[PDB]
Amino acid sequence: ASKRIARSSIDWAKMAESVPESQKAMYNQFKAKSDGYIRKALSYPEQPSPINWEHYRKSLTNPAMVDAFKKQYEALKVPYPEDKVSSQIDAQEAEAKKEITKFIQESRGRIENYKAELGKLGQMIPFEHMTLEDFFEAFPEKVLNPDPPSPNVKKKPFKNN
Amino acid sequence: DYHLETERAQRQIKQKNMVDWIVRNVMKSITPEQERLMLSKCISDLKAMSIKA
């Protein structure tokens, strides 16, 4: 065989284009630990050495033992090992799908907010033609009667003590 | 490999004791009449070589 052990893999090229290095440094483990499961996959084929039964027939006076061992070898076939991690991986995949849907929704909301802010700043009156009240309408911090005052109403003339 | 080694060891042991028993029986196989016959045959072979000059 050697199909899904020796001559298959997953494309890591698209994997490295998203990971933010220190945020996803476990990918350095994931590309390496799975490579260990590739390194043992370099070994371990289905049939590592076919048995030359003719050689044992020639090398033994009684070839009935060779025929019996050949019949016992052909009568035994090992199947694929049992799996119990498939349901766990499917559950993790479903939880990932829910979290990705939530994160996409939050990204859509943030994109809509950023596009609204960009459009509002594009549509603002330029500062050359801006009266001091249109500036205070577009920037509603202003300076009010129930507000921390100063003769130089600045970003740090009050409190800060 | 175990079956091959076991059969080869038994064959080697069988060959060794067969050879030793053959040597012992050949040393026990000599009779004076056959000794005289072999001596006469050796003399005849020596005379035949004497003819071939």
Side-chain angles (χ1 to χ4, degrees), chain A residues 1-16 19 24-93, chain B:
Chain A
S2 296
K3 301 301 171 57
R4 315 112 55 188
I5 156 164
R7 306 181 185 183
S8 177
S9 178
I10 313 105
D11 174 71
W12 316 95
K14 298 184 176 181
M15 188 175 190
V19 281
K24 296 309 167 192
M26 303 297 185
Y27 153 75
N28 303 87
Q29 298 181 359
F30 188 81
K31 214 265 179 180
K33 294 178 183 179
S34 60
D35 207 337
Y37 304 116
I38 302 175
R39 282 172 182 178
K40 293 190 173 182
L42 298 177
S43 72
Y44 296 149
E46 195 269 346
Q47 181 76 15
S49 60
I51 298 180
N52 199 327
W53 307 103
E54 301 286 340
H55 179 61
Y56 286 91
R57 283 178 183 181
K58 294 172 184 179
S59 300
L60 293 186
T61 305
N62 201 332
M65 301 177 300
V66 186
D67 306 337
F69 271 107
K70 181 183 180 180
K71 187 175 184 179
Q72 288 175 349
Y73 188 82
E74 289 186 350
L76 258 300
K77 172 191 173 296
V78 194
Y80 299 145
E82 287 276 353
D83 185 20
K84 290 183 181 181
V85 217
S86 61
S87 60
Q88 321 167 24
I89 290 178
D90 292 328
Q92 292 171 194
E93 178 192 3
Chain B
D1 291 359
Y2 167 76
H3 279 280
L4 169 66
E5 286 292 330
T6 306
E7 209 204 59
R8 189 171 187 175
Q10 289 184 9
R11 181 185 301 178
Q12 174 192 3
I13 290 300
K14 178 185 177 182
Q15 286 174 347
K16 191 173 181 181
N17 58 68
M18 168 174 52
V19 161
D20 295 3
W21 182 90
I22 278 171
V23 169
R24 187 188 66 89
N25 197 15
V26 157
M27 293 301 300
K28 212 191 62 178
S29 66
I30 300 180
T31 58
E33 45 268 353
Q34 196 170 358
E35 181 183 358
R36 294 174 184 180
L37 287 177
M38 287 183 301
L39 258 62
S40 62
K41 188 170 184 176
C42 289
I43 289 179
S44 68
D45 294 331
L46 181 58
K47 191 174 184 177
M49 291 188 299
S50 75
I51 295 178
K52 304 177 181 180

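Sequence lines set the chain letters: A, B, ... in the order given, protein chains first and strands last, and positions in each chain run from 1.
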Distance-only donor-acceptor hits, side chain of residues 32-53 of chain B, under 3.5 Å, sequence neighbours excluded:
unit_1: B:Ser40; atom_1: OG; unit_2: B:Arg36; atom_2: O; d: 3.2
unit_1: B:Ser40; atom_1: OG; unit_2: B:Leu37; atom_2: O; d: 2.6
unit_1: B:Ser44; atom_1: OG; unit_2: B:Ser40; atom_2: O; d: 3.4
unit_1: B:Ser44; atom_1: OG; unit_2: B:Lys41; atom_2: O; d: 2.6
unit_1: B:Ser50; atom_1: OG; unit_2: B:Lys47; atom_2: O; d: 2.4

Roughly how far apart are A:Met15 CE and A:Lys31 NZ, rounded to 0.5 Å? 10.5 Å
Please list, chain by chain and in numerical order, all residues satisfying side chain to side chain contact (heavy atoms under 4.5 Å, CB included) with A:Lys70, sequence neighbours excluded. A:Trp53, A:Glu74
Pairing residues for A:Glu46 by the side chain to side chain contact (heavy atoms under 4.5 Å, CB included) criterion, not counting sequence neighbours: none
Counterpart residues, side chain to side chain contact (heavy atoms under 4.5 Å, CB included), relative to B:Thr6 (two or more places apart): B:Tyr2, B:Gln10
When rounded to the nearest 0.5 angstrom, what distance separates CG in B:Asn17 from CD in B:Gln12? 10.5 Å
Value rounded to 0.5 Å, distance of NE2 in A:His55 from CG in A:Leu60: 9.0 Å
Could you list the residues that satisfy side-chain hydrogen bond (donor to acceptor under 3.5 Å, both in side chains) with A:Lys24, not counting sequence neighbours? none
How many angstroms lie between CG in B:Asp20 and CG in B:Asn25, if you round to the nearest 0.5 Å? 12.5 Å
Indicate the atoms forming the closest heavy-atom contact of A:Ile5 with A:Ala41, along with that distance. O-CB, 3.3 Å
State which residues pass side-chain hydrogen bond (donor to acceptor under 3.5 Å, both in side chains) with A:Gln88; sequence neighbours excluded, sorted by chain then number. none
Restricting to ring pair (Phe, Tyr, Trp, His ring centres under 6.0 Å), what partner residues turn up for A:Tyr73, sequence neighbours left out? none
A:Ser59 side chain to A:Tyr56 backbone, donor-acceptor under 3.5 Å: no
To the nearest 0.5 Å, what is the distance between CD1 on A:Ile38 and CD1 on A:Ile10? 7.0 Å
Any residue meeting side-chain hydrogen bond (donor to acceptor under 3.5 Å, both in side chains) with A:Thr61, in chain and number order, not counting sequence neighbours: B:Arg11
Taking only residues two or more places apart in sequence or in another chain, which ones pass ring pair (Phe, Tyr, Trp, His ring centres under 6.0 Å) with A:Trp12? A:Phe30
Should the heavy atoms of other residues, nucleotides or ligands under 6.0 Å from CG of A:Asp11 be counted, would the total exceed 12? yes
Taking only residues two or more places apart in sequence, or in another chain, which ones meet A:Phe69 in a ring pair (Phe, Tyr, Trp, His ring centres under 6.0 Å)? B:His3
Using the salt bridge (charged side-chain N to carboxylate O under 4.0 Å, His left out) criterion, which residues pair with A:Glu54? Sequence neighbours excluded. A:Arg57
Heavy atoms of other groups near A:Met26 CE, more than 12 under 6.0 Å: no
If the condition is side chain to side chain contact (heavy atoms under 4.5 Å, CB included), which residues does A:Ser2 pass it with, not counting sequence neighbours? A:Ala6, A:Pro45
Rounded distance [0.5 Å steps], CD in A:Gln92 versus OG in A:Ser87: 9.5 Å
